[PDB]
Amino acid sequence: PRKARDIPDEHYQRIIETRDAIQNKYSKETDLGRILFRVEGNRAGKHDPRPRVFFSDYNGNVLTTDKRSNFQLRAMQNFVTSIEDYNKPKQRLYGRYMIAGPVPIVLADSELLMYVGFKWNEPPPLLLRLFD
Amino acid sequence: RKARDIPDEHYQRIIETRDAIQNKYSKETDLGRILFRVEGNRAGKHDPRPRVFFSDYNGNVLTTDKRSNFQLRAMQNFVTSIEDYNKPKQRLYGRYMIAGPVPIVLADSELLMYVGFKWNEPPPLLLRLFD
């Protein structure tokens, strides 16, 4: 029963920035596999708190070297197949793992889509009790 | 500048207390009496409880003048900062978050309800550029 929600402007702006950055860093590389390998290489493990970058094509296929966390992979696949409009980036919550995208990206002279997964830690509650 | 979404639990809660306040004072025909009573439950300015604010559909904050001027400034700013009266959002004023508006009916008058509450958690903001 999901909910494609807007990405907060700061988050989206950031995503755009790291997209452009990744694009510029690997502008020399002509091998897509090498790029994906390098990019995903910077994660130290599955419990790595850092935002994880995912990729897909324009045909509904997630592109990744298999990573230690199957859950993030399931969530990403679901997100990719759940997209209603490839021109509007949105975010979806999978348990405690938020996923945002897609944003267009060019790697190895190929047009692909970038996404960002990151665990989302449920805000401290406010109450606001019935007894006024 | 940062009109952010209200977390679903928070928004759901806000809706619940809105409906609750609506049902509690359904008998009352005096708006001033309602506002007075509602705001009466706060014990002081340092009261940690979420503070309920009100406004009309003409940009005016409705409240009996209170102990905390800061919350009042923040609320006024929020009300005049609203881009769309049909989408509730939240804005951070220092450490004081303000969420709204949500429609409410008090004394057969259509008004808007807001909730202010101090926010003690600037992160989670973890991100990176080593990629």
# chains A, B, ... in the order shown; residues from 1 in each chain; ligands from 1
>>> interface_residues(of="chain A", to="chain B", cutoff="9 Å", atoms="only C-alpha atoms", output="ChimeraX atom specification")
/A:5-6,8-10,14,18,21-22,25,38-42,49-51,120-130,132
>>> write_last_selection(atoms="N, CA, C and O atoms", output="short mmCIF file (atom, residue, chain, number, x, y, z; two decimals), in the first residue's frame")
data_model
loop_
_atom_site.label_atom_id
_atom_site.label_comp_id
_atom_site.auth_asym_id
_atom_site.auth_seq_id
_atom_site.Cartn_x
_atom_site.Cartn_y
_atom_site.Cartn_z
N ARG A 5 6.28 9.70 -2.41
CA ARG A 5 6.30 11.02 -1.80
C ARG A 5 7.42 11.87 -2.39
O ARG A 5 8.40 11.34 -2.91
N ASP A 6 7.26 13.18 -2.30
CA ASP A 6 8.26 14.12 -2.78
C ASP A 6 9.55 13.98 -1.98
O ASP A 6 9.53 13.71 -0.79
N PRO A 8 12.55 15.84 -0.23
CA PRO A 8 12.87 17.15 0.35
C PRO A 8 13.92 17.87 -0.50
O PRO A 8 14.88 17.23 -0.91
N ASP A 9 13.71 19.16 -0.74
CA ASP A 9 14.55 19.94 -1.65
C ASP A 9 16.05 19.83 -1.39
O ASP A 9 16.85 19.79 -2.33
N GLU A 10 16.43 19.78 -0.11
CA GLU A 10 17.84 19.65 0.26
C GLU A 10 18.37 18.28 -0.16
O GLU A 10 19.48 18.17 -0.69
N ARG A 14 21.05 17.62 -3.11
CA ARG A 14 22.22 16.82 -2.80
C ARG A 14 22.39 15.69 -3.81
O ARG A 14 23.47 15.53 -4.38
N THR A 18 25.67 14.88 -6.15
CA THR A 18 26.49 13.67 -6.19
C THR A 18 26.36 12.95 -7.52
O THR A 18 27.27 12.23 -7.93
N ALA A 21 28.67 14.83 -9.67
CA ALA A 21 30.01 14.51 -9.20
C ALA A 21 30.49 13.15 -9.70
O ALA A 21 31.63 13.02 -10.16
N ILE A 22 29.63 12.14 -9.59
CA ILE A 22 29.94 10.80 -10.08
C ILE A 22 30.14 10.82 -11.59
O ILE A 22 31.04 10.16 -12.12
N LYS A 25 33.59 12.44 -12.20
CA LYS A 25 34.70 11.63 -11.72
C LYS A 25 35.06 10.52 -12.71
O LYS A 25 36.23 10.27 -12.97
N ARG A 38 33.67 0.25 -9.14
CA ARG A 38 34.36 1.30 -8.38
C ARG A 38 33.43 2.06 -7.44
O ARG A 38 33.74 2.23 -6.26
N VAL A 39 32.30 2.52 -7.97
CA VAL A 39 31.33 3.29 -7.20
C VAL A 39 30.83 2.52 -5.99
O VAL A 39 30.81 3.04 -4.88
N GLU A 40 30.45 1.27 -6.21
CA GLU A 40 29.92 0.45 -5.13
C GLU A 40 31.03 -0.08 -4.22
O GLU A 40 30.76 -0.60 -3.13
N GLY A 41 32.27 0.08 -4.65
CA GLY A 41 33.41 -0.37 -3.88
C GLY A 41 33.65 0.42 -2.61
O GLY A 41 34.29 -0.08 -1.69
N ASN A 42 33.13 1.64 -2.55
CA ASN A 42 33.40 2.50 -1.40
C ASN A 42 32.61 2.17 -0.13
O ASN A 42 32.85 2.78 0.92
N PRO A 49 26.37 2.76 7.34
CA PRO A 49 25.31 3.76 7.51
C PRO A 49 25.21 4.73 6.33
O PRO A 49 24.17 5.37 6.16
N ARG A 50 26.27 4.82 5.53
CA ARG A 50 26.29 5.74 4.40
C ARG A 50 25.20 5.42 3.38
O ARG A 50 24.84 4.26 3.21
N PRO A 51 24.66 6.47 2.73
CA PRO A 51 23.68 6.28 1.66
C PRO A 51 24.27 5.42 0.55
O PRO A 51 25.41 5.65 0.14
N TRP A 120 15.94 5.22 7.31
CA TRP A 120 15.21 6.38 7.80
C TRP A 120 14.73 6.12 9.22
O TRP A 120 13.97 5.18 9.46
N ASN A 121 15.18 6.94 10.16
CA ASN A 121 14.99 6.66 11.58
C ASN A 121 13.89 7.41 12.32
O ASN A 121 14.17 8.15 13.26
N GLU A 122 12.65 7.15 11.90
CA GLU A 122 11.41 7.45 12.63
C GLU A 122 11.53 8.46 13.77
O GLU A 122 12.03 8.13 14.84
N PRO A 123 11.03 9.68 13.54
CA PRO A 123 11.21 10.84 14.42
C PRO A 123 10.72 10.59 15.84
O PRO A 123 9.77 9.83 16.02
N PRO A 124 11.37 11.22 16.82
CA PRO A 124 10.89 11.17 18.20
C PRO A 124 9.46 11.69 18.24
O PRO A 124 9.19 12.76 17.67
N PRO A 125 8.55 10.94 18.87
CA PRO A 125 7.12 11.24 18.79
C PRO A 125 6.77 12.56 19.45
O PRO A 125 7.55 13.09 20.24
N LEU A 126 5.60 13.09 19.11
CA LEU A 126 5.05 14.22 19.83
C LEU A 126 3.70 13.84 20.42
O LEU A 126 2.91 13.13 19.79
N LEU A 127 3.45 14.28 21.64
CA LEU A 127 2.17 14.06 22.30
C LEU A 127 1.85 15.28 23.17
O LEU A 127 2.64 15.60 24.07
N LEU A 128 0.74 15.98 22.94
CA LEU A 128 -0.41 15.60 22.09
C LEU A 128 -1.16 14.35 22.56
O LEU A 128 -1.17 13.32 21.90
N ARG A 129 -1.79 14.50 23.72
CA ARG A 129 -2.61 13.46 24.33
C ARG A 129 -4.06 13.90 24.20
O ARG A 129 -4.33 15.06 23.92
N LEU A 130 -4.99 12.98 24.42
CA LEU A 130 -6.41 13.31 24.33
C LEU A 130 -6.83 14.24 25.47
O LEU A 130 -7.68 15.11 25.28
N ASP A 132 -5.96 16.79 26.58
CA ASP A 132 -5.81 18.22 26.29
C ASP A 132 -4.81 18.94 27.17
O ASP A 132 -3.94 19.66 26.67
#
>>> select_by_dssp(residues="chain A", states="alpha helix (DSSP H)", output="PyMOL selection string")
chain A and resi 9-25+32-41+70-82
>>> select_by_dssp(residues="region 19-56 of chain B", states="strand (DSSP E or B)", output="PyMOL selection string")
chain B and resi 51-55
>>> write_last_selection(atoms="N, CA and C atoms", output="PDB file, in the first residue's frame")
ATOM      1  N   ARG B  51       2.162  22.982  21.540  1.00  0.00           N
ATOM      2  CA  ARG B  51       1.230  24.091  21.642  1.00  0.00           C
ATOM      3  C   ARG B  51       0.359  24.207  20.395  1.00  0.00           C
ATOM      4  N   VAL B  52      -0.953  24.273  20.585  1.00  0.00           N
ATOM      5  CA  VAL B  52      -1.872  24.409  19.461  1.00  0.00           C
ATOM      6  C   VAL B  52      -2.126  25.878  19.111  1.00  0.00           C
ATOM      7  N   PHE B  53      -1.911  26.229  17.845  1.00  0.00           N
ATOM      8  CA  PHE B  53      -2.184  27.577  17.348  1.00  0.00           C
ATOM      9  C   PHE B  53      -3.366  27.548  16.386  1.00  0.00           C
ATOM     10  N   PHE B  54      -3.959  28.713  16.153  1.00  0.00           N
ATOM     11  CA  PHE B  54      -5.067  28.832  15.214  1.00  0.00           C
ATOM     12  C   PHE B  54      -4.894  30.046  14.318  1.00  0.00           C
ATOM     13  N   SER B  55      -5.497  29.990  13.138  1.00  0.00           N
ATOM     14  CA  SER B  55      -5.552  31.145  12.257  1.00  0.00           C
ATOM     15  C   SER B  55      -6.828  31.067  11.442  1.00  0.00           C
TER      16      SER B  55
END
>>> residues_around(residues="region 32-34 of chain A", least_positions_apart="4", cutoff="8 Å", atoms="only C-alpha atoms", output="mmCIF file with N, CA, C and O atoms, in the first residue's frame")
data_model
loop_
_atom_site.group_PDB
_atom_site.id
_atom_site.type_symbol
_atom_site.label_atom_id
_atom_site.label_comp_id
_atom_site.auth_asym_id
_atom_site.auth_seq_id
_atom_site.Cartn_x
_atom_site.Cartn_y
_atom_site.Cartn_z
ATOM 1 N N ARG A 38 33.673 0.249 -9.140
ATOM 2 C CA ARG A 38 34.359 1.299 -8.385
ATOM 3 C C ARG A 38 33.429 2.058 -7.440
ATOM 4 O O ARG A 38 33.737 2.228 -6.261
ATOM 5 N N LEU A 107 26.913 7.393 -17.666
ATOM 6 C CA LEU A 107 28.130 6.686 -17.305
ATOM 7 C C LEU A 107 28.569 5.811 -18.467
ATOM 8 O O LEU A 107 27.764 5.054 -19.009
ATOM 9 N N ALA A 108 29.841 5.924 -18.841
ATOM 10 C CA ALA A 108 30.401 5.181 -19.972
ATOM 11 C C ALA A 108 29.618 5.417 -21.264
ATOM 12 O O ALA A 108 29.339 4.475 -22.006
ATOM 13 N N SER A 110 26.624 5.870 -21.624
ATOM 14 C CA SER A 110 25.325 5.209 -21.563
ATOM 15 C C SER A 110 24.377 6.009 -20.682
ATOM 16 O O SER A 110 24.772 6.513 -19.632
#
>>> residues_around(residues="region 76-88 of chain A", least_positions_apart="2", cutoff="9 Å", atoms="only C-alpha atoms", output="ChimeraX atom specification")
/A:4,6,54,56,58,60-62,71-74,90-92,99-104,115,117
>>> write_last_selection(atoms="N, CA and C atoms", output="tab-separated table (two decimals), in the first residue's frame")
chain	number	residue	atom	x	y	z
A	4	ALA	N	4.28	7.19	-3.10
A	4	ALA	CA	5.37	7.91	-3.76
A	4	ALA	C	5.35	9.36	-3.30
A	6	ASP	N	7.26	13.18	-2.30
A	6	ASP	CA	8.26	14.12	-2.78
A	6	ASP	C	9.55	13.98	-1.98
A	54	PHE	N	22.30	3.26	-6.05
A	54	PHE	CA	21.85	2.20	-6.95
A	54	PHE	C	21.73	2.73	-8.38
A	56	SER	N	19.90	1.82	-12.48
A	56	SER	CA	19.05	1.01	-13.34
A	56	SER	C	19.11	1.57	-14.75
A	58	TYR	N	16.73	2.20	-18.54
A	58	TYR	CA	15.40	2.67	-18.88
A	58	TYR	C	14.50	1.53	-19.34
A	60	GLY	N	13.78	-1.08	-16.83
A	60	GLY	CA	13.31	-1.68	-15.60
A	60	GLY	C	14.26	-2.64	-14.92
A	61	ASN	N	15.54	-2.60	-15.29
A	61	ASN	CA	16.51	-3.53	-14.72
A	61	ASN	C	17.50	-2.84	-13.78
A	62	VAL	N	17.60	-3.34	-12.55
A	62	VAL	CA	18.57	-2.83	-11.58
A	62	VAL	C	19.98	-3.30	-11.94
A	71	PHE	N	18.18	-7.33	1.38
A	71	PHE	CA	17.01	-6.50	1.66
A	71	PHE	C	17.00	-5.21	0.84
A	72	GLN	N	18.11	-4.48	0.86
A	72	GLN	CA	18.25	-3.26	0.08
A	72	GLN	C	18.01	-3.52	-1.40
A	73	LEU	N	18.42	-4.70	-1.85
A	73	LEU	CA	18.27	-5.09	-3.25
A	73	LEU	C	16.81	-5.34	-3.61
A	74	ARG	N	16.10	-6.03	-2.73
A	74	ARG	CA	14.67	-6.25	-2.89
A	74	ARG	C	13.92	-4.93	-2.94
A	90	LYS	N	10.87	10.55	-6.83
A	90	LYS	CA	10.08	10.43	-5.61
A	90	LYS	C	10.84	9.57	-4.62
A	91	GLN	N	10.27	9.38	-3.43
A	91	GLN	CA	10.85	8.46	-2.46
A	91	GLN	C	9.80	7.53	-1.86
A	92	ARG	N	10.22	6.31	-1.54
A	92	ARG	CA	9.35	5.31	-0.93
A	92	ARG	C	10.03	4.69	0.29
A	99	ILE	N	14.05	4.95	-0.12
A	99	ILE	CA	14.68	4.93	-1.43
A	99	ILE	C	14.19	6.07	-2.30
A	100	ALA	N	15.13	6.84	-2.85
A	100	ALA	CA	14.78	8.01	-3.64
A	100	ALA	C	15.34	7.95	-5.07
A	101	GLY	N	14.53	8.38	-6.03
A	101	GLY	CA	14.94	8.41	-7.42
A	101	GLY	C	13.75	8.31	-8.37
A	102	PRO	N	14.02	8.15	-9.67
A	102	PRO	CA	15.36	8.11	-10.25
A	102	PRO	C	15.82	9.49	-10.68
A	103	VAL	N	17.13	9.68	-10.83
A	103	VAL	CA	17.65	10.86	-11.51
A	103	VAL	C	18.52	10.41	-12.68
A	104	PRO	N	18.40	11.09	-13.83
A	104	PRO	CA	19.19	10.66	-14.99
A	104	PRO	C	20.69	10.77	-14.73
A	115	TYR	N	19.81	6.13	-8.18
A	115	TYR	CA	18.91	6.12	-7.04
A	115	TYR	C	19.75	6.15	-5.78
A	117	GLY	N	19.56	4.89	-1.66
A	117	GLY	CA	18.92	4.24	-0.54
A	117	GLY	C	19.57	4.67	0.75
